[PDB]
Structure formats: structure tokens, C-alpha cells
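Report on the following structure.
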Amino acid sequence: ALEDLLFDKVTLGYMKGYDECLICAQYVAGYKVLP
Amino acid sequence: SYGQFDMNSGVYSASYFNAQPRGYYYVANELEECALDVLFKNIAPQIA
């Protein structure tokens, strides 16, 4: 419960980064966040 | 990119492929013609 609470209460999903088209907008000048 | 024939084993992240454009688009809404003949019409104005 505490880990899910921490990940839910902060303002921070793969295989859809390209299909979303920030995360997809960061590739317009090439840099990616590695897993 | 590394400029060396021998590469240590590991996962890299080099280069990106950006797609090449295809086709063309053109709107260019039609306009009138500039009346630039006044640049050579009447008398030439003085600098003052």
C-alpha cells in the first residue's frame, strides 16, 4: 500500500511512447530516458 | 561513431533515424502585383 501510495501521490508506460504521438516530444531533438 | 574496430560487449544507444519527407504541399493564396513602377515614375526625389 505504501509503495503504490508513493507512486500515486507524485506527479511523474512503455510500448506506447511512439504511439502516444513530452515523452514522445523529447525525440524531436534526440534524447531518450533509458529504462 | 566510436572510431575503433574492436568493441566491448554491451548494449549501446547510437544514432536515430528521422524519416525522410515525401510529397509536397502548397497553398500560397493569390495576391496582387506590387506597384513598383513608382520607383521609376515621375521625378527622382532628393535626399532632403
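The way I read the labels, and the way they are meant: chains A, B, ... in the order of the C-alpha cells, residue 1 as the first residue of every chain, and ligand 1 as the first ligand shown, with later ones counted on from there.
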
| message | With 10 Å as the limit and counting only C-alpha atoms, what residues in chain A lie close to chain B? Please list them as a list in words. | response | residues 27, 28, 30, 31, 32 and 34 of chain A

Just-selected residues, C-alpha atoms written as a PDB file, in the first residue's frame:
ATOM      1  CA  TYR A  27      12.567  12.748 -29.649  1.00  0.00           C
ATOM      2  CA  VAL A  28      12.293  15.891 -31.803  1.00  0.00           C
ATOM      3  CA  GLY A  30      17.329  13.364 -29.851  1.00  0.00           C
ATOM      4  CA  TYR A  31      17.482  12.281 -26.232  1.00  0.00           C
ATOM      5  CA  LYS A  32      15.719   9.370 -24.550  1.00  0.00           C
ATOM      6  CA  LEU A  34      16.603   4.688 -20.664  1.00  0.00           C
TER       7      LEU A  34
END

| task | From a DSSP calculation on the backbone, collect every residue of chain A in helix (DSSP H, G or I) and output the set as JSON, numbers by chain. | result | {"A": [2, 3, 4, 5, 6, 7, 8, 9, 25, 26, 27, 28]}

Output file for the residues above (N, CA, C and O atoms, as a CSV table (one decimal), in the first residue's frame):
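Result written to out.csv:
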chain,number,residue,atom,x,y,z
A,2,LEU,N,2.0,1.2,0.7
A,2,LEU,CA,2.8,2.4,0.8
A,2,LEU,C,3.5,2.8,-0.5
A,2,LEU,O,3.6,3.9,-0.9
A,3,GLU,N,4.0,1.7,-1.2
A,3,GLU,CA,4.7,2.0,-2.5
A,3,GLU,C,3.8,2.5,-3.5
A,3,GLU,O,4.1,3.4,-4.3
A,4,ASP,N,2.6,1.9,-3.6
A,4,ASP,CA,1.5,2.4,-4.5
A,4,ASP,C,1.1,3.8,-4.1
A,4,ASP,O,0.8,4.6,-5.0
A,5,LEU,N,1.0,4.1,-2.8
A,5,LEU,CA,0.6,5.4,-2.4
A,5,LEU,C,1.7,6.5,-2.8
A,5,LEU,O,1.4,7.6,-3.2
A,6,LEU,N,3.0,6.1,-2.7
A,6,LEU,CA,4.1,7.0,-3.1
A,6,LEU,C,4.1,7.2,-4.6
A,6,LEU,O,4.2,8.3,-5.0
A,7,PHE,N,3.9,6.1,-5.4
A,7,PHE,CA,3.9,6.3,-6.8
A,7,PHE,C,2.6,7.0,-7.3
A,7,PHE,O,2.6,7.5,-8.4
A,8,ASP,N,1.5,7.0,-6.5
A,8,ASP,CA,0.3,7.6,-7.0
A,8,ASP,C,0.3,9.1,-6.6
A,8,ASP,O,-0.3,9.9,-7.3
A,9,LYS,N,0.8,9.5,-5.4
A,9,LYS,CA,0.8,10.8,-4.9
A,9,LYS,C,1.8,11.7,-5.5
A,9,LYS,O,1.9,12.9,-5.1
A,25,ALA,N,7.5,13.9,-27.4
A,25,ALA,CA,8.0,15.2,-27.9
A,25,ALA,C,9.5,15.4,-27.6
A,25,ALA,O,10.1,16.3,-28.1
A,26,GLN,N,10.1,14.5,-26.8
A,26,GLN,CA,11.5,14.6,-26.5
A,26,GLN,C,12.4,14.0,-27.6
A,26,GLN,O,13.6,14.2,-27.6
A,27,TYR,N,11.8,13.3,-28.5
A,27,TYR,CA,12.6,12.7,-29.6
A,27,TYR,C,12.8,13.7,-30.8
A,27,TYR,O,13.5,13.4,-31.8
A,28,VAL,N,12.1,14.9,-30.7
A,28,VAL,CA,12.3,15.9,-31.8
A,28,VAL,C,13.7,16.5,-31.8
A,28,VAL,O,14.2,17.0,-32.8
